[PDB]
Amino acid sequence: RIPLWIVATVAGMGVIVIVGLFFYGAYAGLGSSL
Amino acid sequence: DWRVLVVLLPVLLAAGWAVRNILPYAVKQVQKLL
Amino acid sequence: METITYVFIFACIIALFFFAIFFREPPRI
Amino acid sequence: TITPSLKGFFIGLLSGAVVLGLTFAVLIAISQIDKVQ
Amino acid sequence: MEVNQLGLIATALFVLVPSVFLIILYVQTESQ
Amino acid sequence: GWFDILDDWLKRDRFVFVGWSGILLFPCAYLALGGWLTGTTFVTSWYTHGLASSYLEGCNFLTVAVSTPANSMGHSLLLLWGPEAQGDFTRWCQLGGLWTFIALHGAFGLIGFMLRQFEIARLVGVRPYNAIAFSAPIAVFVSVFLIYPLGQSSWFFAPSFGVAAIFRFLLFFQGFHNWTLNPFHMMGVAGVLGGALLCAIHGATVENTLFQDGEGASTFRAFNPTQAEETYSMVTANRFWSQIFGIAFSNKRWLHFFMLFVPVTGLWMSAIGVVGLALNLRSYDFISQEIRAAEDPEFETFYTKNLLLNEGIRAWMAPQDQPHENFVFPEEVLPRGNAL
Amino acid sequence: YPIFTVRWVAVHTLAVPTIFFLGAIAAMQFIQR
Amino acid sequence: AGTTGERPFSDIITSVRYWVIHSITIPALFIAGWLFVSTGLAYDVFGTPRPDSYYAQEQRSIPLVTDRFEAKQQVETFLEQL
Amino acid sequence: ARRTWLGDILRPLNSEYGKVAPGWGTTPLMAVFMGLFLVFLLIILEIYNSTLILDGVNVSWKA
Amino acid sequence: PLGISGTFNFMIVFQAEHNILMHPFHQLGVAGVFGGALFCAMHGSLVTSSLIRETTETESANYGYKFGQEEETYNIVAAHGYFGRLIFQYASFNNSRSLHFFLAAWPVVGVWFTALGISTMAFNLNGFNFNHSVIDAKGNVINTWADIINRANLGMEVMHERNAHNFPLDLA
Amino acid sequence: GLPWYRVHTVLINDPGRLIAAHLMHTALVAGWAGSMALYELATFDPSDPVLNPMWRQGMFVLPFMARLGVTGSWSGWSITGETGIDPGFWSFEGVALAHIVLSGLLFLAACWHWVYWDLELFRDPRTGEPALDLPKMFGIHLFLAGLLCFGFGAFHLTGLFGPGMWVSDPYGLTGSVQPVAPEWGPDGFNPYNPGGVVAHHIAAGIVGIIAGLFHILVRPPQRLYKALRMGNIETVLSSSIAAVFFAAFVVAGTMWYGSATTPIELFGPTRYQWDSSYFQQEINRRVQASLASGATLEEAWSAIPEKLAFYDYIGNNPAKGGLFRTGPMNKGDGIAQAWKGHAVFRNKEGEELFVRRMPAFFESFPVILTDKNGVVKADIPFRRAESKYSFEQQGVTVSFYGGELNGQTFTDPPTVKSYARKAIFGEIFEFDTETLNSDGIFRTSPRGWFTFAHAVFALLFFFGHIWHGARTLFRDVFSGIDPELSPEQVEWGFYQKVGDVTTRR
Amino acid sequence: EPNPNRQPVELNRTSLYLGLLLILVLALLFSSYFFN
Ligand code: CLA
Ligand code: CLA
Ligand code: CLA
Ligand code: CLA
Ligand code: CLA
Ligand SMILES: CC(C)=CCC/C(C)=C/CC/C(C)=C/CC/C(C)=C/CC/C(C)=C/CC/C(C)=C/CC/C(C)=C/CC/C(C)=C/CC/C(C)=C/CC1=CC(=O)C(C)=C(C)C1=O
Ligand SMILES: CCCCCCCCCCCCCCCC(=O)OC[C@H](COP(=O)(O)OC[C@@H](O)CO)OC(=O)CCCCCCCCCCCCCCC
Ligand SMILES: CC1=C(/C=C/C(C)=C/C=C/C(C)=C/C=C/C=C(C)/C=C/C=C(C)/C=C/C2=C(C)CCCC2(C)C)C(C)(C)CCC1
Ligand SMILES: CC1=C(/C=C/C(C)=C/C=C/C(C)=C/C=C/C=C(C)/C=C/C=C(C)/C=C/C2=C(C)CCCC2(C)C)C(C)(C)CCC1
Ligand code: OEX
Ligand SMILES: [Cl-]
Ligand SMILES: [Cl-]
Ligand SMILES: [Fe+3]
């Protein structure tokens, strides 16, 4: 029913966000050397 | 402690919502197997 | 005597190369 | 004497026996339900 | 250099014995 | 019989095959993987090593680890119900109980997997050379994660399950064991690098000696699994390497056997060397050169240079790498070159 | 097609905890000393 | 290859009933994980020291386990002096 | 083949090749001893490992 | 240097100055050579296992293959059947051309990166530095495995070429 | 023809020549035992068990003869130090002679069973095919093993009819061959208890006899026979190899960790005794007790046996050797001659300082002196420009109590430094480095070499288990798989059960 | 009577070259440690 290319793009978009959040947390809070 | 119920609460609701959405399809599979 | 031993082995290996290439077992179809 | 060390050993024995027990009890049960035609 | 006096003989046998074993096996194969 | 009934179910053709080996493999492997993911996310190493090692503490993927138990634990199994943890899960983690948890369940996991290889190969009808080859990773795991710390003082000096922790293990073996100078690691290096060479050169050769079995520029479509003909020219591939390199493969079966032999033999050789290091039986020195260098202060090789580096590594990392030793090195005793 | 199979369990044993763990680490990015 | 018999992953993740169920279950597990950290339950379960729970106000001495069998109480006496 | 005086005496000891017991036979009984031997090894292992500490059993050079 | 020990000297000094271990390109190189050796052992075992019987027990199996024969010496169908059940079928290759390409791609690409690793670290773009990255509430440095790696790197640094340095910073 | 690595496979269906080949291996092993014993006897110095024992002279088979009773020589000396004793025939020389004569007889026997391979006994009565009833063979040989196992523990070990075994004090100072009574309590599983070893071979001996009789009278189940391939002799090789590395891993463990079967007077001390300062605690205990009895400091240390102080020395630590540092330990630091006595370092304040000892992991180690609390007070500086804890600045001296330097005190800093560098090795000893041309580089003991050898062989035999194990189970396809294997069999979904032709959907 | 289990042994030229290479290289590697 739902196009597979849409599911892949959304899931992919979700990956980049949650990965980007981790790289964001590398410069802020714990483990940021600050 | 109260923190356990807070953390497990979304898990319980998630499992519950999934059951009622699959229950009519789930028990039929056991009808057919038995 | 250590040197002579090291060189001798190296020499044998180079010699082995020559025989494994020019005097190999010819592959046939 | 039953030393605290020995007490734990029997706990480890029973725990392992239950795990292996329940495992095979489930697998054998499922095997009897969905047999191969 | 003050090296082991058995280094020479141990190295010589380590080469000679198994290589001889191979040579022997080869020559008796081509003769077959 | 119930045995035969269960055998049928276990050997059912599924998306994920189970088998009798699955009863041992799947739970142990799941606990080993899960135990590592759990420890590197929450569990610390503050009481065992004096180190942070979880995402919760601020560590990243490269620095997180499940660290080895404290040296005072010795070679204890560190069971949860053991006399050290005494049933307390929290204390169990703080003592390093998760390391043995992963190491041990991981060991029986590897056993289950190798058995799985035997089992499937027997059902399919092929030779078990895949299981045989898998003996090399096992020999490595056993020698390094089990035998080596058993030979030493405790589990503490085993590798910690982590990226940077492994890098510690690498440099430790250089400074203390001079592991690079050991011939058994050298044969391992030749096996790994030689394996990668064989892997690259075989795939490249085959891909560049392909027959034309299609009209498309992308030749991947020009193959069918049920075809009886070779997809590449062994004859052409033989002549090429014969003129380029001097020698070449002429037998496909010997080729793929050799591809098994090289990396498997290498790992087994490196495994033997680790067994030696467990007893501090190292290829650390050449006596002939030490005698010369001690008598002649003008004699220098790359070998004597590396030993100076090992001496530096040891004296500078030991107090923090071995906090149980309570090493206190005054600055004046530290081995240092000029300026630096 | 069967709904609950061996594959089903094999999935959720890795699936369920992963998302739970990802959410946990996501919250850790906002922890300040 | 053929197919073993289970339902193809492709059609399931493209089915509506799936995303009806998993638009609730997946975020709930995510939130559950979030709550496991934000409440601070993770710290007490695994015994992982909080940023203010590594040292006391004037110590750099590492609370290192030195005993084998009395190691549990040795860790507990470390938690006490905080 | 060759007959010998020692061969004739030993003959019955090598005369039941391939002979087996029907079905599972004493397999379950074997498993019981296999279970007890596993427990046994597990005991002496943890004794040496000091995971199992018993009264009167001091695992040390001191004894 | 053109030597065995000299090679090791090159590796040790390199780590102390570039932290090559904590560099994602050497790590791809390690993944390239470990994976290469793995896949080499893997491909070798699966093909050998699926060899069609052409010989007896009193002779080598290699004599079941003749140089330049039309027929393939093994059964990829059986081999794929095995490895496809060892994991799951869609994690296995049924295409010999696609399989062999992967055999070439993986270690080559991996070595390409570790090559570029040395090449980029040549201009002093060094590996990840997480020294004193973790800090507690008060300000105390909470060491990680990275800080332990650092202590090891300090040992090589202060000792390498013990007479060649006259100034506190190692630049050349 | 046969590949080089398959030449010995011609014995698989040839019981007669398999026995002959097995006879020849037995002859070679027994021949090695005799040759090794004779070699060691020709190179062993028995003039001192204290500072130059067997495990310092690289003796390997000698401690094994000593462990089970053989302690005397025809020349008159005994390893215990006694003279004027009569071992009879069963001396070190007598034992070697026995294994050499045995080697020759087994050799001749191998020639016979090789020529006369076609014996009727190896033939199956009905088929006429060469056959071996492996299940009953196991029962017979297991019955024999149990009897010998029982007899060994019951007579030889107990001293009922035999010498007994080597036993000693917890610090290995007064070791000898003594009869041992069986330990039947739970303490019999404490491996530092000699009585456990006796009780083991008696109890397991009985079990072997019972099991032997069982495995003789009761035929194998139909399923186990087919599952384990009990008609194929290679299934025995696989399982035997399996049990062999299991035993090989065990003897390696008990050697490295130490047990009642691995006495420190025969194989040397362990690394864990150095780690825990096992000998230093006992030495201090005796000193403190002597001082408390009224003895002076010179008298307290002089009462310390040098055999005990020698154990408290890192040169005897089996974890200090190298893989290619060959020879005895005397080739390293030299032949131990004399204990120089205990070194006591003090600064200019008279406060006693303690030299930090060297861990086994460290090839080299700095000299650092601390007080009784663990606070650094003196060291030997690398960089001198900013030195603060130097011996010259802190006025460090050294006094020896006991040994041959007893009552002497040195003030000269380079001399004090010299003894300090030796103090990181534990107790200081005078060595003879000229007799064997020692190089001053530590070498491991026979305890280490045994551990390494059998641990490597065990790991290697694990592959032997797998290989020969695979060969047994896939015997039908090791020359290649079925020429036209049905694709349907290996393709998914076709069968309900993998491989079972009778399960098509 | 002759033994029917006897078999001829072979070692082709390629195996010889490979084998000699294995030995010569192992020698070149371990020789330094023998001399020490
Ligand atoms: C294939 C399954 C499997 C296997 C092989 C192992 C193996 C292991 N686990 Mg793991 N484990 C498993 C599944 C498994 N586990 C599962 C499913 C879980 C989750 C529930 C766990 C949870 C777990 C924990 C929490 C721990 C282990 C640990 C261990 C280790 C110690 C086990 C032990 O001492 O058992 C002893 C028990 C047996 C060997 C069973 C004996 C059975 C026979 C038939 C005897 C029967 C006796 C009879 C019933 C009488 C009972 C006593 C009576 C007289 C009173 C070992 C490496 C420990 C570890 O790693 O510590 C570092 C540890 O703490 N496991
Ligand atoms: C040219 C560089 C080079 C190369 C090619 C090698 C090659 C090798 N080294 Mg050496 N080494 C080098 C340089 C090099 N080294 C240097 C300069 C040093 C510094 C002195 C070291 C220090 C060093 C050490 C300290 C060790 C090695 C070891 C090894 C071997 C590792 C084998 C392996 O893959 O184990 C990998 C491990 C296994 C195969 C075990 C099984 C692993 C299982 C299958 C994992 C399953 C995971 C599962 C799927 C789930 C994972 C999930 C997770 C990823 C999320 C190999 C022979 C090791 C060795 O000799 O071991 C015997 C070892 O301990 N090296
Ligand atoms: C387990 C540990 C491990 C592993 C697996 C690796 C793996 C690797 N390391 Mg790393 N490394 C490690 C630990 C490890 N390292 C540690 C602990 C340190 C710190 C001490 C380092 C420091 C380090 C450095 C400094 C370097 C590596 C490099 C490498 C790579 C070596 C292989 C290579 O370059 O092939 C590539 C192949 C070649 C170089 C061979 C070329 C051959 C030419 C073309 C022909 C030669 C012909 C010959 C002369 C004659 C033949 C004769 C014949 C025909 C008869 C590889 C990615 C190297 C790298 O990445 O290089 C790019 C590198 O420079 N490592
Ligand atoms: C179980 C085996 C074993 C053990 C543990 C010992 C232990 C000992 N022996 Mg004894 N010895 C043994 C067997 C053993 N020996 C045998 C079988 C013989 C008959 C030849 C001898 C003959 C002998 C003599 C003549 C002497 C000793 C001595 C010694 C002592 C010193 C050993 C030493 O320095 O080794 C050094 C260890 C090594 C050099 C390690 C070798 C590693 C090999 C070469 C690796 C091979 C790698 C392989 C080729 C590569 C494979 C590649 C792959 C692709 C296949 C020590 C007490 C000495 C002593 O002190 O006597 C009083 C002495 O003089 N032994
Ligand atoms: C009790 C031990 C034992 C026994 C009786 C056998 C018996 C057999 N093995 Mg097995 N094997 C064993 C242990 C054993 N193996 C172990 C532990 C391993 C792992 C290392 C292997 C690995 C192995 C392989 C890979 C193969 C066999 C094969 C065979 C068969 C032919 C062997 C042959 O012709 O060699 C002939 C050997 C030579 C002509 C020369 C070998 C020289 C070696 C490599 C070095 C020198 C060793 C030295 C002389 C002795 C040192 C002994 C000491 C270390 C204990 C035969 C049935 C073969 C088979 O299945 O054939 C169908 C086969 O391919 N075995
Ligand atoms: C003057 C002096 C003294 C100089 C000496 C200086 C010096 C440094 C000397 C040292 C020399 C030296 C080599 C030291 C190393 C010692 C060392 C590491 C020894 C280890 C030996 C050993 C036991 C290792 C155990 C592990 C092991 C067996 C590894 C094997 C490695 C190995 C043989 C790799 C070979 C890789 C290789 C060359 C592959 C190419 C083969 C080839 C041409 C295939 C062509 C080809 C491909 C196809 O795909 C197809 C289809 C066809 C048809 C075809 O043809
Ligand atoms: C398009 C991206 C290319 C990336 C660089 C090339 C990598 C692959 C080639 C390696 C060469 C090996 C030696 C020759 C091996 C050889 O001879 O190959 C042969 C193989 C056969 O292709 P054909 O000859 O049928 O087609 C070639 C052309 O005619 C196009 O049809 O070529 C390819 O498959 C090309 C694939 C392109 C796509 C590859 C992408 C792979 C990289 C993706 C990114 C990975 C990043 C990893 C980061 C960790
Ligand atoms: C310990 C223990 C246990 C166990 C538990 C478990 C088993 C758990 C598990 C857990 C888990 C199971 C978890 C998981 C997790 C996962 C995760 C966390 C993931 C992540 C991922 C990621 C992060 C990704 C990344 C990436 C990649 C890799 C690709 C490329 C790109 C990216 C970046 C995206 C029990 C209770 C039994 C008992 C007690 C003890
Ligand atoms: C005939 C006769 C006789 C005589 C006998 C004899 C005289 C014998 C001898 C015998 C002998 C005299 C034997 C010997 C043997 C020896 C051996 C068998 C050895 C071996 C060795 C080895 C095998 C080694 C190896 C190795 C190496 C080489 C190196 C290191 C490592 C190893 C250890 C591996 C008489 C008159 C009495 C009587 C009867 C008849
Ligand atoms: O020269 Mn050869 O290594 Ca390049 O960094 Mn600066 O310079 Mn020397 O120090 Mn570090
Ligand atoms: Cl340098
Ligand atoms: Cl400068
Ligand atoms: Fe291929």
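Residue numbering for chain F follows Swiss-Prot, covering 13-352 in order.
Header entry for method reads X-ray crystallography, 2.4 Å.
The backbone N, Cα and C atoms fix where each Cβ goes, and this holds for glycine too.
In terms of which side of the membrane each occupies, Swiss-Prot places F:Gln106 together with F:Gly187. Cα of F:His197 (chlorophyll a PD2 binding site) to Cα of F:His214 (Fe cation binding site): a span of 25 Å. Summarised by DSSP class, the composition of the topological domain 'Cytoplasmic' (F:218-265) is 18 helix, 3 strand, 27 coil. Outside the topological domain 'Cytoplasmic' (F:132-140), and at least 6 residues removed from its termini, the chain residues within Cβ reach (under 8 Å) are 23, 29, 31. Note on the topological domain 'Cytoplasmic' (F:132-140): DSSP counts are 5 helix, 0 strand, 4 coil.
Using a 10 Å radius centred on the Cβ of F:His117 (chlorophyll a ChlzD2 binding site) and all shown protein chains, the other Cβ atoms total 19. Sequence-distant neighbours of F:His214 (Fe cation binding site) (same chain, 6+ residues apart, CB-CB distance under 8 A): F:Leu267, F:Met271. Cβ packing within 10 Å was compared across the binding-site residues F:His197, F:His268, and the lowest neighbour count falls to F:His197. Listed by sequence, the residues of this chain that lie at least six past the ends of the topological domain 'Lumenal' (F:161-193) yet keep a Cβ under 8 A from its Cβ atoms are 48, 51-52, 57, 60-61, 65, 73-88, 90, 108, 111-112, 114-115, 285, 287, 289-292, 294-297, 315, 318-319, 321-322, 324-326, 329, 333, 336. Taking a C-beta cut-off of under 8 angstroms and a sequence separation of 6 or more, F:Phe261 (plastoquinone binding site) has the following same-chain neighbours: F:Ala249, F:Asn250, F:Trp253, F:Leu267. Across the range of the topological domain 'Lumenal' (F:289-352), the DSSP-based residue counts are 36 helix, 1 strand, 27 coil. With respect to ligand 6, the binding-site residues F:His117, F:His197, F:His268 contribute no residue with a C-beta closer than 6 angstroms to one of its atoms.
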